[PDB]
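Student: opening with a subset of the complex:
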Amino acid sequence: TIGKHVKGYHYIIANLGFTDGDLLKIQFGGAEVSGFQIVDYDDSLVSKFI
């Protein structure tokens, strides 16, 4: 809303639910966004569970 998601800003999400939140709306802003996740969707076990 205040336009601080533009390129030049860096954000770190300090939780293990980085992609489980609604981070889509800042994907195209240009600011670098990072975080952590404990759920690895690339695992066969996680794929079967999904």
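Tutor: Looks like it arrived, so ask away. Residues are numbered from 1 along each chain as shown, chains lettered A, B, ... in the order given.

Student: quick check: residue A:18 vs residue A:48, distance?
Tutor: Look at residue A:18 and residue A:48: by CB to CB, to the nearest Å, they are 22 Å apart. For every residue, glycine as well, the C-beta is placed using N, CA and C.

Student: same drill for those two, tell me which one is more crowded.
Tutor: Neighbours were counted for residue A:18 and for residue A:48 using other CB atoms under 10 Å; residue A:18 has more, 17 against 7.

Student: check contacts around that one.
Tutor: The neighbours of residue A:18, taking CB atoms under 8 Å, 6 or more residues apart in numbering as the test, are A:34, A:35, A:36, A:37.

Student: 7 Å instead?
Tutor: Taking CB atoms under 7 Å, 6 or more residues apart in numbering, we find residue A:18 in contact with A:35, A:36, A:37.

Student: ok, now how distant is the nearest residue to the last one once chain neighbours are set aside from residue A:38?
Tutor: It refers to residue A:37. If the residues on either side of it in the chain are set aside, residue A:37 comes closest to residue A:18, at 4.8 Å by CB to CB, 6 or more residues apart in numbering. Taking CB to CB as the measure, residue A:18 falls 10 Å from residue A:38.

Student: contacts only, for the closest residue to residue A:29 other than its chain neighbours.
Tutor: Of all residues not flanking residue A:29 in the chain, residue A:5 sits nearest, at 3.5 Å (CB to CB, 6+ apart). Applying CB under 7 Å, 6+ apart to residue A:5 gives the contacts A:26, A:29, A:31.

Student: chain B comes next; put it on the structure above:
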Amino acid sequence: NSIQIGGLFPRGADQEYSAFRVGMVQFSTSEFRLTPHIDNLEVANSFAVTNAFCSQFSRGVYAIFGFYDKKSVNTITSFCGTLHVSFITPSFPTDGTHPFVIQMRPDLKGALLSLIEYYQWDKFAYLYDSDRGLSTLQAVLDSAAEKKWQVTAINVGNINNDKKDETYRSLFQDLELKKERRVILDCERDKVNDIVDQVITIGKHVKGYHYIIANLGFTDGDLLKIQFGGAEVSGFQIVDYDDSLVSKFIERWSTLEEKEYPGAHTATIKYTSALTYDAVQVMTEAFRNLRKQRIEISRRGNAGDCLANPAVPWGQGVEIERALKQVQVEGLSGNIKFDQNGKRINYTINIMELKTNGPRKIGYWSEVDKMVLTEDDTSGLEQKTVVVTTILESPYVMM
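Tutor: Putting chain B onto the chains we already have gives this:
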């Protein structure tokens, strides 16, 4: 005593219909009361427009209120010119001077050019839609040719909803091939809102970007979300809320029951509905003037076939058009006057700028007052030139 009028309302114009009904209630008089022949069709369909026009002609309405689309403006103009039935419409004015067509919407091309010159713009992008035609695009291209501008016109309405997000992203990324920072949004309010959503999603609403909303509905949109971004946003509005009449109407407008008057339980009214209300006021004043001039409209409602060969003009249609063009009243859209072509004259358009606290007026424009700013924050210190004294001494001060 009742007077027949025809209504061509596009489907979904709930607020326009509500304002039409409010105007009918306000301006009705006991000596003559209006009766509408409301036809709700797809206004873009030329066949539907012809069918509605013929249905209203068979009922013998002396005047027709409604709207037209880019694919139906020619039909309305030709039918009105042939059958001598005056058309009252808040739609975009015709590029050519077509008789029996009355325009409530003022010309904003001159105001747009004045605003562009005010910001001393020379290089800017132009995102346009065909909804109101390409007359504004033609005018801005001619002004670019005369004033040596670098207008980069991009069509914004040809995209589809299935690829809305990706098309606009590439559109704004193609702008960075020119590093464009100045953009004018020449489209209706929903398209402007979609463009603002795409901008705020991609973060081009930050300070350094400048936007001009090329319509008379600047605050009728959702510009609140772009208010805090930092990019300068400007536009035009024909509805001025500082007027006592507009304030009283808004007080009456907001208190109405929503189920009875859909789209009316709002603190703000779109310029389309306001001009719909003012059009009812104008044509009621036209009939009042015609009756005061002791002219009669007793032509029977059994007009007959619309497509008779040859066509049948009626003399009283010219009298009704003359009365309509003779109307000079004060409405929600300010002063209302018409020229020989039915286009509005002596109108005053307000120019708004979007600040942190909200939109505010900065100036006004007219055909005799080109971009006259309100001179807020009156001078007297640091603008009344400070008296600088000095001594003739080289190399400091010398003739």
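
Student: what about the contacts of residue A:5 again, now that chain B is present?
Tutor: Applying CB atoms under 7 Å, 6 or more residues apart in numbering or on different chains, we find residue A:5 in contact with A:26, A:29, A:31, B:203.

Student: pull up the residues of chain A that are close to chain B.
Tutor: A:1, A:2, A:3, A:5, A:6, A:25, A:28, A:29, A:30 (CB under 7 Å from any CB of the partner chain).

Student: which residues are in contact with the third one?
Tutor: When the contact criterion is CB under 7 Å, 6+ apart, the partners of residue A:3 are B:203, B:205, B:206, B:229, B:230.

Student: and the residues of chain A next to chain B, which of them are buried?
Tutor: Taking 16 or more other CB atoms under 10 Å in any protein chain shown as the criterion, what is buried in the residues of chain A next to chain B is A:3, A:5, A:6, A:29.

Student: what would the residues of chain A next to chain B look like in a markdown table with secondary structure?
Tutor: Shown next, in a markdown table, are these (DSSP: H, G, I helix; E, B strand; the rest coil):
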| residue | secondary structure |
| --- | --- |
| A:1 | coil |
| A:2 | coil |
| A:3 | coil |
| A:5 | coil |
| A:6 | strand |
| A:25 | helix |
| A:28 | coil |
| A:29 | coil |
| A:30 | strand |
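
Student: most widely separated two among the contacts of residue A:3?
Tutor: Maximum pairwise distance in the contacts of residue A:3, criterion CB to CB, is 10.6 Å, between B:203 and B:230.

Student: the nearest residue to residue A:9 once chain neighbours are set aside: neighbour count?
Tutor: Of all residues not flanking residue A:9 in the chain, residue A:31 sits nearest, at 4.1 Å (CB to CB, 6 or more residues apart in numbering or on different chains). Other residues lying near residue A:31 total 15 when counted by other CB atoms under 10 Å in any protein chain shown.

Student: chain C comes next; put it on the structure above:
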Amino acid sequence: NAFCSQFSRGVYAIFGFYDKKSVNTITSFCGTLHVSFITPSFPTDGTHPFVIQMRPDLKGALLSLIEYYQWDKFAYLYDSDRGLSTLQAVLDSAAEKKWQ
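Tutor: One more piece, chain C, placed on the ones above:
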């Protein structure tokens, strides 16, 4: 009026012309009444049904001819009485190909 008279006659197919001020009416009438319209006029901007357009789309040839001469700066003298589809095409190509 002419289209209505011919439709009342019951013609199986219709041949005719149009301009920017009557193309929409013809297209709408043909789409509604389900009558083919054979026309040598300029192609319609949209994909309107029931209108048969023999005139080839010259926008592609014009753009390829501009690209053949390696043009990047030119004037465009156009008549408004034949549709602005070509003008919009040349403007969007200029935006895409960095022309002036």
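
Student: repeat for the neighbour count of residue A:31, accounting for chain C.
Tutor: Count around residue A:31 with other CB under 10 Å applied: 15.

Student: swap in the one 3 residues further on?
Tutor: By the other CB under 10 Å criterion, the neighbourhood of residue A:34 contains 9 residues.

Student: interface residues of chain A facing chain C?
Tutor: Counting by CB under 7 Å from any CB, no residue of chain A is near chain C.

Student: can I assume residue A:37 is in contact with residue A:21?
Tutor: No - assessed by CB atoms under 7 Å, residue A:37 is found out of contact with residue A:21, at 10.4 Å.

Student: who has more neighbours out of those two?
Tutor: Ranked by neighbour count (other CB under 10 Å), residue A:37 and residue A:21 place residue A:37 first, with 13 against 10.

Student: show me what contacts the more buried one?
Tutor: Contact partners of residue A:37, counting by CB under 7 Å, 6+ apart, are A:16, A:17, A:18, A:19.

Student: check residue A:40 too.
Tutor: Contacts for residue A:40 (CB under 7 Å, 6+ apart) come out as residue A:46.

Student: quick check: it vs chain B, distance?
Tutor: Distance, residue A:40 to chain B, using CB to the nearest CB, to the nearest Å: 28 Å.

Student: quick one on the thing from earlier: and the contacts of residue A:37, which is closest to chain B?
Tutor: Set against chain B, the nearest of the contacts of residue A:37 by CB to the nearest CB is residue A:19 (18.4 Å).
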